[PDB]
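Chains as they are written, first to last, in the working numbering: chain A, 6 to 215; chain B, 36 to 247; chain C, 1057 to 1152; chain D, 362 to 452; chain E, 788 to 1000; chain F, 4 to 214.
Ideal Cβ placement from N, Cα and C applies to all residues, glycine included.
All remarks here apply to the structure that follows.
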Amino acid sequence: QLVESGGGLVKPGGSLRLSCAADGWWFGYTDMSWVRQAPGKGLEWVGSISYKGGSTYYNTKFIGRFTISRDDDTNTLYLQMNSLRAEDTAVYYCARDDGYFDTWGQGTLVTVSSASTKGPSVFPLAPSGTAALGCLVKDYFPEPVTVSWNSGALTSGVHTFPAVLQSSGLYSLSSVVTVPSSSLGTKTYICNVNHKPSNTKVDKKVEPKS
Amino acid sequence: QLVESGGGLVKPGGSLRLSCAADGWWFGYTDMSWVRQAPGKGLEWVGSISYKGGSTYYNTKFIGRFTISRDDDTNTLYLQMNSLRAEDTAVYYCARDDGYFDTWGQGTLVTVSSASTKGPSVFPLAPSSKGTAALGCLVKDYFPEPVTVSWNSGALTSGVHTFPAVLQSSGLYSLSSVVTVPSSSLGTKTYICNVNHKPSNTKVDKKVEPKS
Amino acid sequence: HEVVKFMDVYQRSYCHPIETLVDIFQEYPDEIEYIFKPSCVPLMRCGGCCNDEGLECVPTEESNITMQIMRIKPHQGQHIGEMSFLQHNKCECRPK
Amino acid sequence: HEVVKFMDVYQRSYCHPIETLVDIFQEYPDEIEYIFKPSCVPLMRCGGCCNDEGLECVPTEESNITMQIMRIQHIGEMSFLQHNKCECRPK
Amino acid sequence: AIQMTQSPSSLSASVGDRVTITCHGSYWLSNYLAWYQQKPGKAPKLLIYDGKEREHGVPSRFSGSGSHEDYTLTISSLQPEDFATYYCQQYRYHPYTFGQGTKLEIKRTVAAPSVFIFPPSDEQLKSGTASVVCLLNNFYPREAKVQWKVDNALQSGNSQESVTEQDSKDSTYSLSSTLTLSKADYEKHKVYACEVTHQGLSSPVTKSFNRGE
Amino acid sequence: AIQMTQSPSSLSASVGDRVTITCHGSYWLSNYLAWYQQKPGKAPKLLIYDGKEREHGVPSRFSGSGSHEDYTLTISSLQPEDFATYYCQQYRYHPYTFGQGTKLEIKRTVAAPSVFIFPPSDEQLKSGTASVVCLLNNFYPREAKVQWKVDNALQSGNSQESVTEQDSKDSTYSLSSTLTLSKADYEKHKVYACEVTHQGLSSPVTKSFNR
C-alpha cells in the first residue's frame, strides 16, 4: 500500500510538494507514477520515475513545471508542483507504474485558491420502527472533511452527503444514519469529524434533546 | 440541392457506383465531398474532389479502394466503391465541400450482405369499434432496408408514426405505420398508406377501412 | 504478438498531413541573433509513401500557424515574440 | 489570426514518442533485391526539443512492431524498431 | 489525423434549459470547426461554421465559441424540436474528422399512452401467418412494459418491439409490439390481450379482442 | 500522444444485464491496455491488464478483449455493486493516456423516500445562524421535489440540495435539503415543513415541527 501527504491549500502561482510513503522494500524495485483527477472530471497520468532513478517522465501539460523525486532509503516518492492554477485543483494519486497501475494510494486533495483555511462547527441533527439522526459539518474550507460513526463500528445505514459550496464561499456537509427507534437512549451515537487542513478533529455525541 | 442514386444491395467483395446529381451550374465551382454513416453510428468523411478536378482526397479507411470522379457537364459527382464489407453498410451522403458542409443530399443506403432481395406484403391494421381512433399498415417480410411509408400521398402527416424496422428471426424486416384520426371521420373519409420498397420495385397504395 | 494487416499499413503510411517536428533554425537559417526555446516546433506537414516512385507527396493547400517562441540573446536580452511557420492543410500524390 | 501560447509550444515540442514515417529501405539496406509497398511505415519514435543543446532526445525503452509489408510480389511480415519511452539525456 | 472528442455522448434537459456540448481537437484548429444538427432519418444540417458563425435561418439560441483545441456548442433556451444529435467537425487538416456525436433528449411531464390492439388481417391469415399488433401512442418517459396474453396465458419470447424517436413538437415516444404466431396456433385460442404498465397509468391498461366477436 | 476514445460517456442497465464498454486507440496498442473500476470517493481499482488478464480477486463476469486499436470491457451479469465509473488506459507509448470515462448507473424498482426533518441545534442557534435539514433516505429514481414551508410561506431559493451517489447494495439515492436563515428570522416563525414529491409516493409526504 501507499500513503500520500502534502495535500491541502495553495495560492495561485504557489508551489506544493506531495510525498507518498510506501510500506515495503518493493518500492525500491518498481517504477512509480503519479495520476491526478480534477473534481468530477476523469483520470490523467501526471508523470513517472524509473527503477534506479535514471529517468523521469511527464504528461504534456506538466513538462515545464513539475519535478518527480524518489528516496529509495525512506521508500518515499515526491511530486514538486510549481506555477499552480485552478486547472491543478485535483486529487493526486501515488501509484505503482508497470504500464498498468496495480497499487494506488487513497490520494490527497490539492486545492488551488486565494481564500483562507477555516475549520468547521459540528452541530447534531437529533432524532425526534426506524429513526434518523446525523451531524451537520458547517462553514469549512477547503475540502475535504471525513465523517465516521462510532469510530467505524457503525457503517451500514450511513450516508455522508457531498459538500455544498455556500454563497459565503465556505462548505457545509451533512452525515446521517438510520437506526432502530428502540435503540435510542440504550445505545450511544458519536460522529467522528476530521478536517485535516484546519487540524479540527471532533467526536460529537448526538442525543435526543427533551 | 443534391440527389444520390446508385445505392442498394451488394455482395461482400463486390463493387458499386454512387452517382449524385446537383441542380445548378454552381457544382462546377465548388469542391464536393462524400460523407457516410452506418446505422446508429455517427458521421464519417469519405473523400472529396477539387474545383476543376485537379485533386481527389480520401479518409484513411478508403485510400486503397474508393475512387471519386466528377462530370462538370452533367453536374454529377461519382463514388466508385470496391472491396465492400459489412463495415461499409451505411447511408452515403453527397455534400458540398468548403471545409464545412453547407449543402447535403437526402443520402442513399448501400447494404452489404449475401441474402436475397425480397419485397413486402402490405396488410391493414383496421380501426375497431371505440373521440380518437387508430389505424395503420403492416409492411412485412422485406429485405434489405429501406421502406418509405406516406399516408394519403402526403396530404396526412400529423398524427402519423412509422416505426423503426425490426429484423425478424427469419432475417427479413417488418415495420408498422399507424395514424390516429377522428372516430367520426371513419367511413366518411378515405385513408391510404403509400408503401414503397425501391430495392424490390414493390409499390402498394393500400386503403385501410373498418371491416364487416 | 500482433500483426498490422497489409491494407492498414498501406493506408496509414499514405501521403497525408502529419504532426512533424521542424527545427526553427533549419527553417530560418538567416538567424545571427537568437537561440530559440523551444529549439523546434510541431507543424502539420505532408509525409508518407505514394504507391510508385513516379509520384511525390506534395501539399495542395498551404497556410501559416503563429506560435509564441522564446528568442534568447545567449549572454544579453531574451523575450517571447510570435513567429509564423508554413503548415500543409491538404496533400496529394502528384507526378514528379 | 490565432496565437499558440509559449508554454503550449514548449510542452508539445518536448522530447516524446511521436508517429514518424520511416522509409523501409533506409531501415534495412541489406534487402537490395526488393521494392516495398508501402515504401514507408508509421513508427512510434522519439522526437522533439530538449531545453538546451547539451541534451539529446533518446529512447529509454525500445521494442519491435510487426507489419504485413508487400515485397516485390508477396505479403510477408517485417519487424521494425519502435520507441515506447524517451528522455532528454546529456550527450 | 486530428482526433475530435465530443462530450457528452448524450444528455437530457428540460425546455428552457441552457445546454453545453464540448469538442476537443488533438492539434490547434483556429476555428476551422463546424457544429451539425441531425434529426432522426434526415441528413445533417449545418448550424455553426468557422467556430461561431451562425448559418442563415439558425435561431440565435444556438451559439459556438472556443479557440485553440477546446470548442463549445451552447443551446441557450432548449425547445422540443432541438431534440436531435449534434456533431462537431474539424476542417483545418485532412482528413476531415467529426466528433462521436451528442444525442440530445428533451425532459417533460409524465404522459400516459393511449393503447390500441389490432387483430391480424384476413389477407395475412390467408398467407398462413398471424401478426397481432399493440400500439402505445405518444407517452413519456420511454420506459413502458407491454405483456401479451392468449387465453390468460403469458406469452414469452414471440413478440418484437419498436420505439419511435422523440417527437419534435410534444417530445413523446410511441411504441408498437408485434406478437407473431402460426395461423394454426392463432385459430387455437380466443382472447388476445396486451397489458401496458407505465408511470402515467395508476394501474395497468389492457386492450383485448375475441377471435370471432 | 495516443488518444483514447471510451464509449459511451455513461449508460444504464438492470441487474443481470450483459454490458459492453468500447475503447479505441489512435495507434495499434497490442494489448498494452488496462480497464479500471473507480467507486465514488475512492482511488481506482485495476480490473483488466494486458487487455484480457484479470487481476486477482476480480470476479469472472468482468472480461477484456480486442486487439490493434479497438478494445472492449464486458460485465457479463451486472450487480448493484458494479455501479462505478470504468476507464481504459494505454501504456504502450508515453505519455500514458486514459479514456474519458464510462459512468455506469443501475436501473431498479421504484422506491419511496423515508423523510425526516431536523430543527437547528441550540449549539448553532447560539452561534447566530439557523440550519434546517430535510432528509430523503434511500429512494429511486433520482428525480424528487423537496418544497420548504415556514408558517405556510413557500420558500423558493434559500435552500441547497446534495445527493449521495447510487448505493452499492440497494442501488438507491439519498438526498439532504438545507434551509438556511438568520437566528432572528428563525425565531420569527413557528411551523417548519418540507413536503416531498416522488414517483414512489401516491401523494406528497410532509414532515413538520413547531419551534
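Residue 34 of chain A counts as exposed, since fewer than 16 other C-beta atoms from the protein chains shown sit within 10 angstroms of its C-beta.
With fewer than 16 other Cβ atoms from the protein chains shown falling within 10 Å of its own Cβ, residue 442 of chain D counts as exposed.
For residue 365 of chain D, the C-beta contacts it makes with chain E under 8 Å involve 815 and 855, in order along the chain.
Two segments are said to touch when three or more pairs of C-beta atoms, one from each, lie closer than 8 Å; by this definition the region 192 to 199 of chain B does not touch the region 936 to 945 of chain E.
Between residue 15 of chain A and residue 110 of chain A, the gap from beta carbon to beta carbon reaches 8 Å or more.
The Cβ of residue 25 of chain F sits no closer than 8 Å to any Cβ of chain E. Secondary structure note for residue 131 of chain B: its beta strand (DSSP E) is the uninterrupted segment 125 to 132. Contact annotation: residue 180 of chain B and residue 226 of chain B have beta-carbon atoms that are not nearer than 8 Å.
Residue 808 of chain E carries a strand assignment under DSSP once its states are collapsed to helix, strand and coil.
Inter-residue distance for residue 80 of chain F and residue 21 of chain F is about 5 Å (C-alpha atoms, whole angstroms).
Below 8 Å, too few C-beta pairs join the region 893 to 909 of chain E and the region 820 to 839 of chain E to call them touching: fewer than three.
Scanning the region 54 to 95 of chain A for uninterrupted beta strand (DSSP E) segments of 3 residues or longer gives 61 to 63, 71 to 76 and 81 to 86, listed from N- to C-terminal end.
For residue 81 of chain F, there is no enclosing alpha helix (DSSP H), as DSSP marks it with neither H nor E.
Between residue 101 of chain F and residue 178 of chain A, the C-beta gap is not smaller than 8 Å, which leaves the two residues out of contact.
Secondary structure at residue 243 of chain B: coil, using DSSP grouped into helix, strand and coil. At a cut-off of 8 Å between beta-carbon atoms, residue 99 of chain B makes contact with chain C.
Only 164, 166, 167 and 169 from the region 154 to 169 of chain A bring a Cβ to less than 7 Å from some Cβ of chain F. Taking all protein chains shown into account, residue 918 of chain E has 16 or more neighbouring C-beta atoms within 10 Å of its C-beta and is therefore buried. When the beta-carbon positions are compared, residue 137 of chain A and residue 198 of chain A stay at least 8 Å from each other.
Comparing alpha carbon positions, the residue from E/808, E/924 and E/981 closest to residue 888 of chain E is E/808. Taking 8 Å as the cut-off, the Cβ atoms of residue 802 of chain E and residue 895 of chain E count as close. When C-alpha distances from residue 74 of chain B are compared across B/110, B/60, B/147 and B/165, the shortest belongs to B/147. For residue 96 of chain F, the chain D residues whose Cβ falls inside 7 Å of its Cβ are 378, 405 and 445, in order along the chain. Nearest in C-alpha terms to residue 817 of chain E, of all of D/366, D/450 and D/444, is D/366.
Residue 108 of chain A is positioned such that its CB atom lies no closer than 8 Å to that of residue 120 of chain A. Of all residues in the region 382 to 402 of chain D, none is placed with a Cβ closer than 7 Å to any Cβ belonging to chain A. In this structure, the CA atom of residue 75 of chain F is about 27 Å from the CA atom of residue 814 of chain E.
Pairing residue 411 of chain D with residue 447 of chain D gives a Cβ-Cβ distance that is not under 8 Å. Note on geometry: alpha-carbon atoms of residue 1120 of chain C and residue 1078 of chain C lie some 14 Å from one another.
Among the bridge pairs identified by DSSP, residue 116 of chain A is matched with A/14.
Residues of chain A whose Cβ lies closer than 7 Å to the Cβ of residue 448 of chain D are, in chain order, 60. Considering only E/832, E/837 and E/854, the residue with the shortest C-alpha distance to residue 873 of chain E is E/832.
DSSP, read as helix, strand or coil, puts residue 22 of chain A in strand. The Cβ of residue 1068 of chain C sits closer than 8 Å to at least one Cβ of chain B.
Close CB contacts of residue 986 of chain E within its chain, under the 6 Å cut and outside five residues either way in sequence, are with 897 (chain order).
With fewer than 16 other Cβ atoms inside 10 Å of its own Cβ, residue 31 of chain A counts as exposed.
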